[PDB]
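Structure file protein09.pdb (PDB, C-alpha atoms and all ligand atoms) follows.
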ATOM      1  CA  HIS A   8     110.817  87.133 112.930  1.00  0.00           C
ATOM      2  CA  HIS A   9     112.298  85.166 115.926  1.00  0.00           C
ATOM      3  CA  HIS A  10     110.620  87.222 118.799  1.00  0.00           C
ATOM      4  CA  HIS A  11     108.171  84.399 119.860  1.00  0.00           C
ATOM      5  CA  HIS A  12     110.570  83.347 122.760  1.00  0.00           C
ATOM      6  CA  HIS A  13     109.863  86.747 124.525  1.00  0.00           C
ATOM      7  CA  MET A  14     106.151  85.750 124.736  1.00  0.00           C
ATOM      8  CA  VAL A  15     104.340  87.267 127.787  1.00  0.00           C
ATOM      9  CA  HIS A  16     100.848  86.321 129.152  1.00  0.00           C
ATOM     10  CA  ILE A  17      98.768  89.528 128.905  1.00  0.00           C
ATOM     11  CA  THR A  18      95.467  89.982 130.800  1.00  0.00           C
ATOM     12  CA  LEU A  19      93.041  92.917 130.524  1.00  0.00           C
ATOM     13  CA  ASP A  20      92.523  95.392 133.408  1.00  0.00           C
ATOM     14  CA  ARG A  21      88.686  95.740 133.957  1.00  0.00           C
ATOM     15  CA  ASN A  22      89.196  98.984 135.933  1.00  0.00           C
ATOM     16  CA  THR A  23      90.635 100.811 132.866  1.00  0.00           C
ATOM     17  CA  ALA A  24      87.870  99.660 130.478  1.00  0.00           C
ATOM     18  CA  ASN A  25      85.295 101.980 128.930  1.00  0.00           C
ATOM     19  CA  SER A  26      81.989 101.248 130.726  1.00  0.00           C
ATOM     20  CA  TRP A  27      80.439  99.610 127.586  1.00  0.00           C
ATOM     21  CA  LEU A  28      83.147  96.917 127.307  1.00  0.00           C
ATOM     22  CA  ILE A  29      82.649  93.265 128.280  1.00  0.00           C
ATOM     23  CA  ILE A  30      85.828  91.467 129.368  1.00  0.00           C
ATOM     24  CA  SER A  31      85.714  87.648 129.550  1.00  0.00           C
ATOM     25  CA  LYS A  32      86.133  85.759 132.872  1.00  0.00           C
ATOM     26  CA  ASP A  33      89.723  84.755 131.888  1.00  0.00           C
ATOM     27  CA  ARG A  34      90.532  88.469 131.152  1.00  0.00           C
ATOM     28  CA  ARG A  35      91.804  87.437 127.655  1.00  0.00           C
ATOM     29  CA  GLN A  36      88.898  88.679 125.415  1.00  0.00           C
ATOM     30  CA  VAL A  37      87.056  92.009 125.114  1.00  0.00           C
ATOM     31  CA  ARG A  38      84.097  93.176 123.024  1.00  0.00           C
ATOM     32  CA  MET A  39      81.754  96.166 122.703  1.00  0.00           C
ATOM     33  CA  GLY A  40      78.497  95.698 124.616  1.00  0.00           C
ATOM     34  CA  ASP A  41      75.224  97.082 123.204  1.00  0.00           C
ATOM     35  CA  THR A  42      74.799  99.270 126.397  1.00  0.00           C
ATOM     36  CA  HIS A  43      76.504 100.506 129.677  1.00  0.00           C
ATOM     37  CA  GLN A  44      77.749  97.403 131.513  1.00  0.00           C
ATOM     38  CA  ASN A  45      76.544  98.508 134.994  1.00  0.00           C
ATOM     39  CA  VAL A  46      79.967  99.416 136.500  1.00  0.00           C
ATOM     40  CA  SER A  47      80.865 102.494 138.629  1.00  0.00           C
ATOM     41  CA  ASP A  48      82.896 105.315 137.020  1.00  0.00           C
ATOM     42  CA  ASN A  49      86.541 105.854 138.071  1.00  0.00           C
ATOM     43  CA  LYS A  50      89.445 108.075 136.948  1.00  0.00           C
ATOM     44  CA  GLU A  51      91.180 105.143 135.084  1.00  0.00           C
ATOM     45  CA  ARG A  52      88.314 104.423 132.590  1.00  0.00           C
ATOM     46  CA  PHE A  53      88.666 105.622 129.006  1.00  0.00           C
ATOM     47  CA  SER A  54      85.498 107.789 128.657  1.00  0.00           C
ATOM     48  CA  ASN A  55      85.233 108.686 124.926  1.00  0.00           C
ATOM     49  CA  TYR A  56      86.380 105.507 123.120  1.00  0.00           C
ATOM     50  CA  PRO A  57      86.008 101.717 123.540  1.00  0.00           C
ATOM     51  CA  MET A  58      89.550 101.327 124.981  1.00  0.00           C
ATOM     52  CA  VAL A  59      91.118  99.152 127.711  1.00  0.00           C
ATOM     53  CA  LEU A  60      94.677  98.504 128.994  1.00  0.00           C
ATOM     54  CA  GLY A  61      96.525  95.325 129.840  1.00  0.00           C
ATOM     55  CA  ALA A  62      97.246  94.804 133.566  1.00  0.00           C
ATOM     56  CA  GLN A  63     100.967  94.238 132.947  1.00  0.00           C
ATOM     57  CA  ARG A  64     103.442  97.191 133.183  1.00  0.00           C
ATOM     58  CA  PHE A  65     106.802  96.987 131.364  1.00  0.00           C
ATOM     59  CA  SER A  66     109.852  99.196 132.193  1.00  0.00           C
ATOM     60  CA  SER A  67     112.693  96.977 130.755  1.00  0.00           C
ATOM     61  CA  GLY A  68     113.368  93.985 128.490  1.00  0.00           C
ATOM     62  CA  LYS A  69     111.806  92.450 125.417  1.00  0.00           C
ATOM     63  CA  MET A  70     108.101  91.478 125.325  1.00  0.00           C
ATOM     64  CA  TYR A  71     105.925  89.812 122.636  1.00  0.00           C
ATOM     65  CA  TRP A  72     102.203  89.007 122.479  1.00  0.00           C
ATOM     66  CA  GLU A  73      99.541  88.233 119.788  1.00  0.00           C
ATOM     67  CA  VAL A  74      95.998  89.522 119.289  1.00  0.00           C
ATOM     68  CA  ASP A  75      93.183  87.974 117.188  1.00  0.00           C
ATOM     69  CA  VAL A  76      91.256  90.592 115.086  1.00  0.00           C
ATOM     70  CA  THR A  77      89.205  88.119 112.942  1.00  0.00           C
ATOM     71  CA  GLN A  78      86.207  89.711 111.133  1.00  0.00           C
ATOM     72  CA  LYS A  79      86.594  93.164 112.732  1.00  0.00           C
ATOM     73  CA  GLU A  80      86.115  96.327 110.611  1.00  0.00           C
ATOM     74  CA  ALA A  81      87.887  98.728 113.031  1.00  0.00           C
ATOM     75  CA  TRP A  82      90.362  98.461 115.969  1.00  0.00           C
ATOM     76  CA  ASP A  83      93.533 100.036 117.422  1.00  0.00           C
ATOM     77  CA  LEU A  84      96.412  97.936 118.951  1.00  0.00           C
ATOM     78  CA  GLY A  85      99.798  98.615 120.490  1.00  0.00           C
ATOM     79  CA  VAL A  86     101.305 100.015 123.724  1.00  0.00           C
ATOM     80  CA  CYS A  87     100.968 103.241 125.650  1.00  0.00           C
ATOM     81  CA  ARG A  88     102.429 105.051 128.638  1.00  0.00           C
ATOM     82  CA  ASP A  89     100.774 104.209 131.952  1.00  0.00           C
ATOM     83  CA  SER A  90     100.007 107.973 132.339  1.00  0.00           C
ATOM     84  CA  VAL A  91      98.078 108.565 129.056  1.00  0.00           C
ATOM     85  CA  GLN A  92      94.990 110.798 129.219  1.00  0.00           C
ATOM     86  CA  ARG A  93      91.775 108.757 129.922  1.00  0.00           C
ATOM     87  CA  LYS A  94      89.025 111.477 129.663  1.00  0.00           C
ATOM     88  CA  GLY A  95      87.871 113.503 126.655  1.00  0.00           C
ATOM     89  CA  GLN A  96      89.120 113.589 123.064  1.00  0.00           C
ATOM     90  CA  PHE A  97      92.734 112.871 122.012  1.00  0.00           C
ATOM     91  CA  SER A  98      94.716 111.535 119.016  1.00  0.00           C
ATOM     92  CA  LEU A  99      96.787 108.334 119.098  1.00  0.00           C
ATOM     93  CA  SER A 100     100.378 109.621 118.617  1.00  0.00           C
ATOM     94  CA  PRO A 101     103.793 109.173 120.240  1.00  0.00           C
ATOM     95  CA  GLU A 102     103.489 112.831 121.447  1.00  0.00           C
ATOM     96  CA  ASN A 103     100.421 111.726 123.503  1.00  0.00           C
ATOM     97  CA  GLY A 104     102.147 108.491 124.707  1.00  0.00           C
ATOM     98  CA  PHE A 105     100.799 105.892 122.195  1.00  0.00           C
ATOM     99  CA  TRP A 106     102.625 103.484 119.802  1.00  0.00           C
ATOM    100  CA  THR A 107      99.772 101.924 117.810  1.00  0.00           C
ATOM    101  CA  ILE A 108      98.445 100.737 114.418  1.00  0.00           C
ATOM    102  CA  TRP A 109      94.817 100.511 113.357  1.00  0.00           C
ATOM    103  CA  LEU A 110      92.262  99.349 110.826  1.00  0.00           C
ATOM    104  CA  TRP A 111      89.640 101.910 109.722  1.00  0.00           C
ATOM    105  CA  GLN A 112      87.477 102.041 106.547  1.00  0.00           C
ATOM    106  CA  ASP A 113      89.342  99.234 104.749  1.00  0.00           C
ATOM    107  CA  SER A 114      92.832 100.832 105.292  1.00  0.00           C
ATOM    108  CA  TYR A 115      95.606 100.041 107.816  1.00  0.00           C
ATOM    109  CA  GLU A 116      97.596 102.995 109.285  1.00  0.00           C
ATOM    110  CA  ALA A 117     100.334 103.542 111.894  1.00  0.00           C
ATOM    111  CA  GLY A 118      99.523 106.102 114.643  1.00  0.00           C
ATOM    112  CA  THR A 119     102.283 108.598 113.795  1.00  0.00           C
ATOM    113  CA  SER A 120     101.478 112.346 113.611  1.00  0.00           C
ATOM    114  CA  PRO A 121     100.301 112.604 110.964  1.00  0.00           C
ATOM    115  CA  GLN A 122      99.317 108.932 110.377  1.00  0.00           C
ATOM    116  CA  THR A 123     101.295 106.663 108.017  1.00  0.00           C
ATOM    117  CA  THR A 124      99.733 104.384 105.360  1.00  0.00           C
ATOM    118  CA  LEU A 125     100.557 100.665 105.857  1.00  0.00           C
ATOM    119  CA  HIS A 126     101.049  98.272 102.872  1.00  0.00           C
ATOM    120  CA  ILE A 127      99.355  94.953 103.807  1.00  0.00           C
ATOM    121  CA  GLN A 128      98.695  92.452 100.932  1.00  0.00           C
ATOM    122  CA  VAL A 129      97.177  89.741 103.256  1.00  0.00           C
ATOM    123  CA  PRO A 130      94.557  91.208 105.685  1.00  0.00           C
ATOM    124  CA  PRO A 131      95.673  89.942 109.130  1.00  0.00           C
ATOM    125  CA  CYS A 132      93.514  87.750 111.366  1.00  0.00           C
ATOM    126  CA  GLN A 133      96.215  87.860 114.144  1.00  0.00           C
ATOM    127  CA  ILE A 134      98.770  90.643 114.906  1.00  0.00           C
ATOM    128  CA  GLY A 135     102.056  90.130 116.812  1.00  0.00           C
ATOM    129  CA  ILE A 136     103.366  93.047 118.940  1.00  0.00           C
ATOM    130  CA  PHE A 137     107.036  93.242 119.961  1.00  0.00           C
ATOM    131  CA  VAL A 138     108.464  95.804 122.431  1.00  0.00           C
ATOM    132  CA  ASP A 139     112.189  96.263 123.089  1.00  0.00           C
ATOM    133  CA  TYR A 140     112.221  98.789 125.974  1.00  0.00           C
ATOM    134  CA  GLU A 141     115.970  99.496 125.991  1.00  0.00           C
ATOM    135  CA  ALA A 142     116.222  99.822 122.190  1.00  0.00           C
ATOM    136  CA  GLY A 143     113.130 102.102 121.998  1.00  0.00           C
ATOM    137  CA  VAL A 144     111.338  99.832 119.443  1.00  0.00           C
ATOM    138  CA  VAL A 145     107.709  98.769 118.933  1.00  0.00           C
ATOM    139  CA  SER A 146     107.133  96.400 115.969  1.00  0.00           C
ATOM    140  CA  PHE A 147     103.981  94.835 114.495  1.00  0.00           C
ATOM    141  CA  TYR A 148     103.876  91.497 112.615  1.00  0.00           C
ATOM    142  CA  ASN A 149     101.240  89.853 110.331  1.00  0.00           C
ATOM    143  CA  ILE A 150     100.837  86.318 111.833  1.00  0.00           C
ATOM    144  CA  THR A 151      98.417  85.331 108.965  1.00  0.00           C
ATOM    145  CA  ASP A 152     101.260  86.114 106.421  1.00  0.00           C
ATOM    146  CA  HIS A 153     104.079  83.995 108.029  1.00  0.00           C
ATOM    147  CA  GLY A 154     105.010  86.812 110.465  1.00  0.00           C
ATOM    148  CA  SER A 155     105.769  89.494 107.822  1.00  0.00           C
ATOM    149  CA  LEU A 156     106.640  92.970 109.189  1.00  0.00           C
ATOM    150  CA  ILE A 157     103.819  95.535 109.228  1.00  0.00           C
ATOM    151  CA  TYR A 158     105.490  98.524 110.934  1.00  0.00           C
ATOM    152  CA  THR A 159     108.418  99.490 113.252  1.00  0.00           C
ATOM    153  CA  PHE A 160     108.400 102.567 115.515  1.00  0.00           C
ATOM    154  CA  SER A 161     112.058 103.270 116.325  1.00  0.00           C
ATOM    155  CA  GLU A 162     113.752 105.990 118.412  1.00  0.00           C
ATOM    156  CA  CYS A 163     110.726 105.701 120.733  1.00  0.00           C
ATOM    157  CA  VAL A 164     110.774 108.003 123.810  1.00  0.00           C
ATOM    158  CA  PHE A 165     108.580 105.876 126.175  1.00  0.00           C
ATOM    159  CA  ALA A 166     109.185 108.268 129.141  1.00  0.00           C
ATOM    160  CA  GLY A 167     107.451 105.882 131.595  1.00  0.00           C
ATOM    161  CA  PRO A 168     106.166 102.365 132.206  1.00  0.00           C
ATOM    162  CA  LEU A 169     104.322 100.859 129.197  1.00  0.00           C
ATOM    163  CA  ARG A 170     100.983  99.030 129.159  1.00  0.00           C
ATOM    164  CA  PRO A 171      99.403  96.899 126.385  1.00  0.00           C
ATOM    165  CA  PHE A 172      96.726  99.037 124.640  1.00  0.00           C
ATOM    166  CA  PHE A 173      93.478  97.928 122.922  1.00  0.00           C
ATOM    167  CA  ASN A 174      90.532  99.632 121.154  1.00  0.00           C
ATOM    168  CA  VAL A 175      87.699  97.299 119.993  1.00  0.00           C
ATOM    169  CA  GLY A 176      86.185 100.169 117.917  1.00  0.00           C
ATOM    170  CA  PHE A 177      82.620 101.417 117.698  1.00  0.00           C
ATOM    171  CA  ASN A 178      79.911  99.283 116.120  1.00  0.00           C
ATOM    172  CA  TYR A 179      77.751 101.910 114.323  1.00  0.00           C
ATOM    173  CA  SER A 180      77.703  99.593 111.203  1.00  0.00           C
ATOM    174  CA  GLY A 181      76.599  96.364 112.936  1.00  0.00           C
ATOM    175  CA  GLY A 182      79.657  94.738 111.285  1.00  0.00           C
ATOM    176  CA  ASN A 183      82.218  95.346 114.096  1.00  0.00           C
ATOM    177  CA  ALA A 184      80.782  93.384 117.103  1.00  0.00           C
ATOM    178  CA  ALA A 185      83.540  90.708 117.108  1.00  0.00           C
ATOM    179  CA  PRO A 186      85.979  90.640 120.068  1.00  0.00           C
ATOM    180  CA  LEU A 187      89.714  91.265 120.356  1.00  0.00           C
ATOM    181  CA  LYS A 188      91.261  88.063 121.816  1.00  0.00           C
ATOM    182  CA  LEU A 189      94.718  87.500 123.337  1.00  0.00           C
ATOM    183  CA  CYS A 190      96.040  84.354 121.560  1.00  0.00           C
ATOM    184  CA  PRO A 191      97.619  81.478 123.485  1.00  0.00           C
ATOM    185  CA  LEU A 192     101.445  81.135 123.729  1.00  0.00           C
TER
HETATM  186  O1  LIG A 201     108.586 108.372 120.384  1.00  0.00           O
HETATM  187  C1  LIG A 201     108.723 109.266 119.551  1.00  0.00           C
HETATM  188  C2  LIG A 201     109.200 108.969 118.154  1.00  0.00           C
HETATM  189  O2  LIG A 201     109.728 107.658 118.049  1.00  0.00           O
HETATM  190  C3  LIG A 201     108.840 106.694 117.516  1.00  0.00           C
HETATM  191  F1  LIG A 201     107.633 106.898 117.977  1.00  0.00           F
HETATM  192  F2  LIG A 201     108.732 106.831 116.206  1.00  0.00           F
HETATM  193  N1  LIG A 201     108.466 110.548 119.865  1.00  0.00           N
HETATM  194  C4  LIG A 201     107.955 111.045 121.150  1.00  0.00           C
HETATM  195  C5  LIG A 201     107.122 112.264 120.750  1.00  0.00           C
HETATM  196  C6  LIG A 201     107.359 113.513 121.614  1.00  0.00           C
HETATM  197  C7  LIG A 201     108.438 114.277 120.888  1.00  0.00           C
HETATM  198  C8  LIG A 201     108.078 114.121 119.435  1.00  0.00           C
HETATM  199  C9  LIG A 201     107.589 112.665 119.321  1.00  0.00           C
HETATM  200  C10 LIG A 201     108.692 111.680 118.955  1.00  0.00           C
END
In structure tokens, write the structure found in this file.
Ligand SMILES: O=C(COC(F)F)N1C[C@H]2CCC[C@H]2C1
Amino acid sequence: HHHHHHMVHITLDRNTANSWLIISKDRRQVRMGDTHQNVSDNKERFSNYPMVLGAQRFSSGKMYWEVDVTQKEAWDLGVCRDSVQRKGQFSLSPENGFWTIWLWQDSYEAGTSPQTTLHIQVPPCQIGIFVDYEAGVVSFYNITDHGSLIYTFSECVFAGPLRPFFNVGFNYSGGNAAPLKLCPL
């Protein structure tokens, strides 16, 4: 792909984080803590899952960023509407305002309803995410495999401002403690 020139500097929004997340000082890395991180509750925080949003809001244009997923067993990545549900249980789907892929139990899937199997020969250590607001496109790229396409959501109905979306996953296994990291431009 040739989307690298639309690179944007994403930072994480502490106020949206689940209360167990630890966001680095530079707001570029997030991981699961082993306990509540001693913050007050607020209506923005994802309550049920280890999720956080980027601070940036996008309503036009083309945007690209990269995320490091090295040695994680489980995670979700993509974009979502600014007005997604924060509290209780929900599925990741375009109907609920999410355009995402994930790793879970040694398989990669796109967050369609129902979910779509992905065909990845080279397990990615870094994922590129491209959004074309006007075209209604969200695409995912395998940076470890020379930028190969993973998945394209097209005919997207955003229906609002978009925010970068992250889920570090639970760590029931003890094998999923590693952070998500926003990679330098
Ligand atoms: O955004 C989409 C589909 O495009 C892309 F995601 F593949 N949508 C929005 C959802 C609400 C109506 C049915 C669902 C279709």
Let me have the centre and edge lengths of the axis-aligned box enclosing all listed atoms of segment 78-83 of chain A with 6 Å padding on every side, in Å to one decimal, as JSON.
{"center_x": 89.8, "center_y": 94.9, "center_z": 114.0, "size_x": 19.4, "size_y": 22.3, "size_z": 18.8}
>> Evaluated on this file, the PyMOL selection byres (((chain A and resi 128) around 12) and not hetatm) picks out some residues - which ones are they, written as a PyMOL selection string?
In response: chain A and resi 114-115+125-127+129-131+149+151-152+155-157
> Pick the closest to ligand LIG 201 (chain A) from A:185, A:86, A:76, A:62: which is it, counting all atoms listed in the file?
Replying inline: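 Among the listed residues, A:86 lies closest to ligand LIG 201 (chain A).
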> Taking all atoms listed in the file into account, which of A:74, A:81, A:166, A:28 comes nearest residue 187 of chain A?
Replying inline: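 Closest residue, counting all atoms listed in the file: A:74.
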> If I put a ball of radius 12 Å at (76.5, 96.7, 135.6) in the file's coordinates, which residues poke into it when counting all atoms listed in the file, written as a list in words?
Replying inline: residues 26, 27, 28, 29, 40, 42, 43, 44, 45, 46, 47 and 48 of chain A
>> What does the structure give for the distance between atom CA of residue 99 of chain A and atom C7 of ligand LIG 201 (chain A), in Å to one decimal?
In response: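 Going from atom CA of residue 99 of chain A over to atom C7 of ligand LIG 201 (chain A), I get 13.2 Å.
Around ligand LIG 201 (chain A), using all atoms listed in the file and a cut-off of 6 Å, the residues in contact are residues 101, 102, 160, 161, 162, 163 and 164 of chain A.
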Restricted to C-alpha atoms, what would the selected residues look like written as a compact mmCIF listing (two decimals), in the coordinates of the input?
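Result written to again-v2.txt:
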# COMPACT_ATOMS: atom_id res chain seq x y z
CA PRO A 101 103.79 109.17 120.24
CA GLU A 102 103.49 112.83 121.45
CA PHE A 160 108.40 102.57 115.52
CA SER A 161 112.06 103.27 116.32
CA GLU A 162 113.75 105.99 118.41
CA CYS A 163 110.73 105.70 120.73
CA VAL A 164 110.77 108.00 123.81
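Here atom CA of residue 107 of chain A is placed at a distance of 12.1 Å from atom CA of residue 135 of chain A.
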> Could you state the separation of atom CA of residue 60 of chain A and atom CA of residue 14 of chain A in Å, given to one decimal place?
Replying inline: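 Separation of atom CA of residue 60 of chain A and atom CA of residue 14 of chain A: 17.7 Å.
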>> At a cut-off of 8 Å around the point (82.4, 103.4, 117.4) (file coordinates), what residues fall inside when counting all atoms listed in the file? I'd like the answer as a PyMOL selection string.
In response: chain A and resi 56-57+176-179
> A:124, A:22, A:146, A:55: which is nearest residue 158 of chain A, counting all atoms listed in the file?
Replying inline: A:146
> So which one's closest to residue 20 of chain A, A:98, A:159, A:63, A:49? Using all atoms listed in the file, please.
Replying inline: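 Closest candidate: A:63.
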>> So that I can check the surroundings of residue 69 of chain A, please list as a PyMOL selection string every protein, DNA and RNA residue that reaches within 7 Å of it, counting all atoms listed in the file and ignoring chain neighbours fewer than 4 positions away.
In response: chain A and resi 13+138-140
> Hey, what comes out of the PyMOL selection byres (((chain A and resi 168) around 10) and not hetatm) on this file? Could you write it as a list in words?
Replying inline: residues 63, 64, 65, 66, 67, 87, 88, 89, 90, 140, 165, 166, 167, 169 and 170 of chain A
>> For residue 110 of chain A, find every residue with an atom within 8 Å (counting only C-alpha atoms), except residues of its own chain fewer than 2 positions away, and show them as number ranges by chain.
In response: A: 80-83, 108, 112-116
> Restricting the calculation to all atoms listed in the file, which member of A:175, A:70, A:132, A:192 is positioned closest to residue 10 of chain A?
Replying inline: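 Residue with the minimum atom-to-atom distance to residue 10 of chain A: A:70.
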